[PDB]
């Protein structure tokens, strides 16, 4: 019950770089601002509708045949462009994402990648078509454009191998890997995908796929993360799920979309990354549209407590969370990304929870990088011993004089 508990928790900013393209430098500045504000990780969706990340070797081995690296790359580029041909760019390179991870590591910032499936995979579906894999899309009220058919082995096998190749990359580089599994065939079932899975006795098939993805993460030394949607839908435990999955809990849903309660998932032994929907911001969203516009997300950043999970009340309901995630989405990826908006929402969330967030260590690290008579060395050694790396956002002044004493000793 000491000091450490609050600071040990995760403070995450989520960027939807799957739907919309973000430049390496844009993400670097988000990472820098995250480090400055006191965040711990940057959650970066790279596969979300579009697939905006290419490895150097994209060779895939599936269905007793292989798909050549250059053939895979072109098909993915075409898929992402088919979803949305972003004039700012198509997909991040291996070298760019690698530099982002090392840059973030230098600022005590984790990177949490997300490659979504079996929903939110418009780019992958079309890529598979271009790769010869016929009809990968789910089929209900109409043929889906976002979701994979669970009965199609050819598509399932490829996608598993594809996510596996990404998982091979992020292994040893990042602690967590998010595979999503949210909003199954929402476009093809009027946002009732889990009800449709139940109906056609395919919900067990989804579990098998999700559990496979969790094992794939674990055996590669990655903590599996997924969204809550498809985990124990409607509090039924007829179909079981992997318990080692870090659940990013965003909502309990709405009418006809009966997601499991946080209370039920906690009773199954799950830990939560509090990804409360209240803190959502969709780029370009205005107050007139309702939902997650900027003013509401800033307003709710103080309204909705740090530990409070969606559909629950804190502290009346107090469930185990590893930390909280604030999310920026790009539902309409053509909307202008304005850095100032995200920075304001990020700042607000940190300012209301100064006990959870770190202090600003950018000044300290610059002054420690300037370090190359024994009496003058006595002072330089003394200021170094007096440094405190454990400060939170409430004590910026406390840290400001400690770094000032280091600057004075160095001269």
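Residue numbers count along the first chain shown, from 1.
The PDB entry reports B-factors from which the mean C-alpha value can be compared for 397-405 and 9-17; the larger average falls on 397-405. Just going by the entry, 275-283 versus 298-306 on mean CA temperature factor gives the higher value to 298-306. As recorded in the PDB entry, 375 shows the highest C-alpha B-factor of the residues 375, 36, 41, 49. The residue among 27, 359, 55, 45 whose C-alpha carries the highest B-factor in the deposited model is 359. Annotation for residue 212: C-alpha temperature factor in the lowest third relative to the rest of the modelled chain, per the entry.
For residue 291, the recorded CA B-factor ranks within the highest third of the chain. Only modelled residues enter the ranking. In the PDB entry, residue 60 places in the middle third of its chain by CA B-factor.
Residue 140: CA B factor in the highest third of modelled residues in this chain (values from the PDB entry). When the modelled residues of the chain are ordered by C-alpha B-factor, residue 225 sits in the lowest third.
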